[PDB]
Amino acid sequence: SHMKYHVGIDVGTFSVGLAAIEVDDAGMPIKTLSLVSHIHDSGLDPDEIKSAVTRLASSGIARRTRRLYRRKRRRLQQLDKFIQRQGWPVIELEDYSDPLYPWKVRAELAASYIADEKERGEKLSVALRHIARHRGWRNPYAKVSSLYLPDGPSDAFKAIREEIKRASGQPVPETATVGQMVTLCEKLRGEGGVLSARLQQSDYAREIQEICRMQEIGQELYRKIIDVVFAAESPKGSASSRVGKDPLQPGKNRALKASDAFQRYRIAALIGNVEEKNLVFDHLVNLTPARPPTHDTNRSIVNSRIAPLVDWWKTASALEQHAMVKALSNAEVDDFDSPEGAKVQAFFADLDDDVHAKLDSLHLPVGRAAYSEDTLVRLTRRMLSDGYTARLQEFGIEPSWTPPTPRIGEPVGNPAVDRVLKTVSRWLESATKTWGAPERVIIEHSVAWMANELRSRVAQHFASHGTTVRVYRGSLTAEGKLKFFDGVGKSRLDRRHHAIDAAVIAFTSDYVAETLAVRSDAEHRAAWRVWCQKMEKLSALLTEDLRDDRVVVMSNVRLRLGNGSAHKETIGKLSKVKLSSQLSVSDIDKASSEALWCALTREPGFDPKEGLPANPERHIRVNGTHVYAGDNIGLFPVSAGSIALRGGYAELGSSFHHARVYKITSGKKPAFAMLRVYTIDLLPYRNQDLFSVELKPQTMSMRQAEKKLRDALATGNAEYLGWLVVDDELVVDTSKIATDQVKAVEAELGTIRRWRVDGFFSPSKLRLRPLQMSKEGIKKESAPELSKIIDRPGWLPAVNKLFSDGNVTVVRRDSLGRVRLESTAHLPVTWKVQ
């Protein structure tokens, strides 16, 4: 389009004010193109009760924990295979009748020799498998070899040792293993017994060591046992995948600190910051001996006084010892592929058991450089042959060069920031592809990192079209006569003020920018006269849009199947009932599986009202498994939707993906019901349209549904009209269906016809809140009805009452806030409930 306009962007803590106003050729506002107060969830996990935990954070904890249980099972499987290769038997502890049998064996093995070769191996296998389960803690980067010569007893070991001395009275504070202290007590696990059990793997390795001495087990096998019992993956190269990149040379990973490159680079940087001959002379001394810098890694390596290491350092080539640096640093992956690293790795086998612990005491510098190894070396070479100035000539980079920025929507790692970045990119792209590029983009308001990154990302994005981009401080930003919901001029309750503040921001001249912050030069005064002429012209446009309610308050919706944890974490005991018992319809709907529900509901004696009568001769098949009248079956003890899990059960919670809306034509009068679809009932149909997935009556979603809707679906009197999702926008006529507290809100604040879907409260009730309002605007002098409707729990209308007499329309919008009535791309579309 040939229209010229300005763009104002207001960044809030949980909102984004987006504004674009058509501007005259001189600078006067003409028409408002798009006013949007975009609200976001800050990327937070809804199931974390507002402890400021994002989905990314909780996903990672679940991801790592899920792997932890897998890694723990692999260890115990490998230990059993290691025990069987030694001719020892893998005996289960439930075979022995003594519940404390593993503790007795661990104390017996650490005291005297065991005669029988069979009994000695059977009890060693019992003691080893037990220590592996509760094996204490070690530094994750410390390798197994750090335990071949275990360290002295930990502070926790000494603390527990004195604890038994007090409770038992008879102490042995000398050469006592963990097993033989505990054995004489005859409540360990928990807060009370092991006093939080802040133990160490070295303490358990010491117990294993003494067991090996008593059973005539040399170091050749003790070491091999320590390898298996204390096996663990290392977090060595865990950070190697998320390393930044060189701006000058994109494809190369950033240089690693404590490398011969960076160290020889670093001191070259300081001398340059003249004597164009004596540069290299000074550098020679600085290389090989605020304070001056040095080749810190080489100094740290030699001083270590590790006799076997120092011999390798001089004999190894510069490239060979470069691999030694990567292997010792906690940020690099050991390779075993190149010959160099294979030599370093081969050296890592022959060292004595006393050498290993000395390696962990050594500390190399940690960090990353801005450029990359090849660029690090190349500039020192060019630095040597010269006296920034040294850096310029290497790349043919025009001196004004700054490292480029990614696309606007490129995520940065912070979930709250990535919400804004992706939103601003989407809106500008929709704005650009409609009215072309803008003339000015002005951005306003820890969170300032967003605003800075926006300007940089936006400026490069619009560099071709010559668009000015500016940021301003929040205090300078704030420095009218508009009518909002709660007050005049200013408002914290009305969410439309975010777009209004963004509109004013699109018209802040830089000469006005000085005086605005100043108020909290002759030409500066000429600007103010032009400015007020624009502002007074702008004020009229927003009043109309505020009156016509053209300011759009909106948020995105989440339609994918995955949405946090799929059920509650607490597990409860199931209810077991003999099959011959009397089973009402309520009892059958509490069955722990769908197959059980089908077997019970397909019985001949089943009645849709009375259920199943007591019958000592009823026969039931569940997944080919026959169940007699004398067998127990599992039922949920609660009416809540749940799943059988880990022997017991767990409640599904608020894990609704979407809710479907039905019209029930029963002949009496058309009624409206609602089906809340659980996330779990859409798992087998992940690859389909979730809103068209045929849910079967056996699914929990169906059984938890309003009974009226269930009978209608079984007869064909329920018409699927559409689906709702959390953060969907509704238009509601509250004249006939508003509750008393809603009307009290509406009387004080005006009729509220735009509502937002915040939850699916009951199988028959919605959770709605006013779309354009925020809780922070509720003052102490306000009415208590506002806190009920806006804060908690909100308007909770019945689905049938709301849709029958509310004249409700579900409103979906595009990125510019415009109502979307039809879509070629099969995107969510506005529809009317009728």
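Numbers follow the displayed sequence, beginning with 1.
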Might you work out how many residues are unmodelled in the deposited sequence between residue 273 and residue 274, and answer none, 1 to 3, 4 to 9, or 10 or more? 10 or more
Does the chain run continuously from residue 387 to residue 388, or are deposited residues unmodelled in between? Answer none, 1 to 3, 4 to 9, or 10 or more. 1 to 3
Do the CA atoms of 666 to 674 or those of 531 to 539 have the higher mean B-factor in the entry? 531 to 539
Would you tell me which stretch averages the higher CA B-factor in the PDB entry, 820 to 828 or 19 to 27? 19 to 27
Highest Cα B-factor in the deposition, which of 202, 300, 632, 688? 300
Kindly indicate the residue among 702, 428, 377, 712 with the greatest C-alpha B-factor in the PDB record. 377
Relative to the other modelled residues in the chain, which third contains the C-alpha temperature factor of residue 487: lowest, middle or highest? highest
Ranking the modelled residues of this chain by C-alpha B-factor as given in the entry, is residue 217 in the lowest, middle or highest third? highest
Using the B-factor values recorded in the entry, state whether the Cα atom of residue 782 falls in the lowest, middle or highest third among the modelled residues of its chain. highest
Quick tally, chain-level thirds of C-alpha B-factors: residue 618 sits in the highest
In terms of its chain's C-alpha B-factors, the third that includes residue 393 is the highest
